[PDB]
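Supplied in structure tokens, the structure appears directly below.
Every chain is named by a letter (A, B, C, D and E) in the order it is written, and numbering of its residues begins at 1.
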Amino acid sequence: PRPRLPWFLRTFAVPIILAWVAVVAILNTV
Amino acid sequence: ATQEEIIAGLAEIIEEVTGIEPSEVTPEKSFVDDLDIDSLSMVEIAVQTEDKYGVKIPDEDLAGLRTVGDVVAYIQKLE
Amino acid sequence: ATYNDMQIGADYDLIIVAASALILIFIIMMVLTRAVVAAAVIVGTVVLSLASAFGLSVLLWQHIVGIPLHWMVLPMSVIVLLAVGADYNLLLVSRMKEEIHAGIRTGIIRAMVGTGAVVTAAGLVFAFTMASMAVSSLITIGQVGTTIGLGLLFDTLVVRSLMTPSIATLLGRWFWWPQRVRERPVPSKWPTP
Amino acid sequence: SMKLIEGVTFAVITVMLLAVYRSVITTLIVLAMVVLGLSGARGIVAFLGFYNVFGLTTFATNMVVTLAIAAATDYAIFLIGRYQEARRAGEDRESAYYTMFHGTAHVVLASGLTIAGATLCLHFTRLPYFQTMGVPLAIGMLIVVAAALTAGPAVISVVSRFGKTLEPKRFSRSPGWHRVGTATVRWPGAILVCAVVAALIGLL
Amino acid sequence: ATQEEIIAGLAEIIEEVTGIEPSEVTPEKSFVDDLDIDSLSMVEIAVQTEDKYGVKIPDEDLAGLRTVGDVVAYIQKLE
């Protein structure tokens, strides 16, 4: 009965971290 | 105190507060449905009971009580 | 004349900012905690702390350093102080509501013993981060940072520690109006070993 | 002076985190979260201001940097503190993580929304500095909140899996907090009077 | 109530408050020396007892109580 949102965060952690890193890098480089 | 005396006193108080005749008031009746008595009328009954006989019923207890006999049992418990 | 206009605008904007911030924060707190009295208590405690924060900053700069506060420091300090104090009180109250099913007083004690260290660490970090702006060559920025730091220090060390739990203890069931809360649970029988 | 401010703030934060968590790796992780949040807020503010969406002053930029750093650190502290409380209570890492999210997700989001909305009240001012300080601060705070609420749980998920990284180090009670709570509960009147008197000192 | 039940409840409360395991808690133990419990921890115990079982202990009474069995006797006296 795990809640959906924390489970989603826990499962796809690496893609989320990489997405945040890429977005921040683009915004601070362009 | 005997159940009959308590029921008679509660019947008088209820009749004064809401208008339900004493005969309709029986220990198995429910305030919410059988007697259709809201919470405010119930606290009015509690205030009358405290000021007349000294039996004190807090609001939290008033929440729990459902039937007339349930109230009588609570009063007997205090005794 | 330019600076006269600046001063008038500063007073007007200060009043507007204070009123709007109070209203919005009160609304958010009432929505989140589902209780009017809790939000009112939080707002009042934060304002009372804000007054003392203003006093401390005024002393430390004007009398000790000698440089009076710049005319634009006040609203910038006020808004941040209100926001952060409200957030800390909100965290404490939320933990209290979580732990209150075991009685008001035990719930308060457990909520304090739980949150206290974390909230203290966060408050000290925020205060020392704000106070570190004094290294700026510009002194208005340093004044703003030190004022916010002093406000956060006083709030964390007094309002969270004492004022909010004391008011909660005094108000009792009224603290969570309109939600119905038992002051103490049904007295259980002694456990059977 | 902005750059020196940033450096000093980072040094102070590192020292305080080392003092509190009594470990180096946890401090590094919190610093990584802080860097991510600060960089996100600074980047978005600079990018929007560049294309003439709004004007910027020195005050707005300095406040953006400092507030973003502080908010990111506070959110990381909240999450890790609740997670460690659950972990020390006895729960395993999975249940402790879920308990942490359940008990702190709403608090962090509410705090961030309060901070963001508070600065948005500046947009209704008159003086140009106050009016220009409104929107960028709100946008930066929103970016910081999003980063803390998404990356925070994600990093906690990844890090805790590997080794004994986020486990508590100082397994201890809070006797001082117990005493203070008891004093507050037993005698609220005297403590409230003392607090009110202390607060009124600032009116002099 | 029997002494065993009261001692078990007090042991649980003390373990929550201070950290002393229930087995070490015996009726002849002294709070000040045997268990090394200060006055503030004692009022914490009193608050927990009031909020869980309804037994009320004023501060003046808390001053007098010295051993665990002494506390139990006080609770039995109320009964």
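The rule we apply is simple: a residue touches a chain if its C-beta (ideal position, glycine included) is under 8 Å from a C-beta of that chain, and two chains touch if they have at least 3 such contacts.
Asks: If I rank C-D and C-E by number of C-beta contact pairs, which comes first?
Replies: C-D
Asks: Pick the chain whose C-alpha centre of mass, unweighted, sits closest to the average of all protein C-alpha coordinates shown.
Replies: Chain C is the most central one.
Asks: Taking each chain's centre as the mean position of its Cα atoms, how many Å separate subunit D from subunit E?
Replies: 41
Asks: So the centre of each chain is just the mean of its C-alpha atoms; given that, what is the distance between subunit A and subunit D in Å?
Replies: 19
Asks: Go ahead and note the Å separation of the Cα centroids belonging to subunit A and subunit C.
Replies: Result: the chain centres lie 32 Å from each other.
Asks: At least two partner chains per residue is the criterion; list those residues in subunit D.
Replies: In subunit D, residues 173, 178, 181-182, 185 touch at least two other chains, as defined above.
Asks: Counting only residues that touch at least 2 other chains, which ones in subunit E make the list?
Replies: Correct list: 44, 47.
Asks: Taking the touch rule as given, give the residues of subunit A at its contact with subunit D in the complex, in rising order.
Replies: 2-3, 5-6, 9-10, 13-14, 16-17, 20-21, 23-24, 27-28, 30
Asks: For the complex, give me every residue of subunit E touching subunit C.
Replies: 1-2, 4-9, 12, 44, 47-48, 50-54
Asks: Which subunit D residues qualify as touching subunit C in the complex?
Replies: For this pair, the touching residues of subunit D are 1-2, 4-5, 8-9, 12-13, 16-17, 20, 58-59, 62-63, 66-67, 69-70, 73-74, 77-78, 81-82, 85, 103, 106-107, 110-111, 113-115, 117-119, 121-122, 124-127, 129-130, 133, 173-174, 177-178, 180-182, 184-185, 188-189, 191-192, 194-196, 198-204.
Asks: Which residues of subunit C touch subunit E in their complex?
Replies: My answer: residues 102-106, 109, 184-185, 187-193.
Asks: Would you tell me which residues of subunit D are touching subunit E in their complex?
Replies: Touching subunit E: residues 173, 178-179, 181-183, 185-186 of subunit D.
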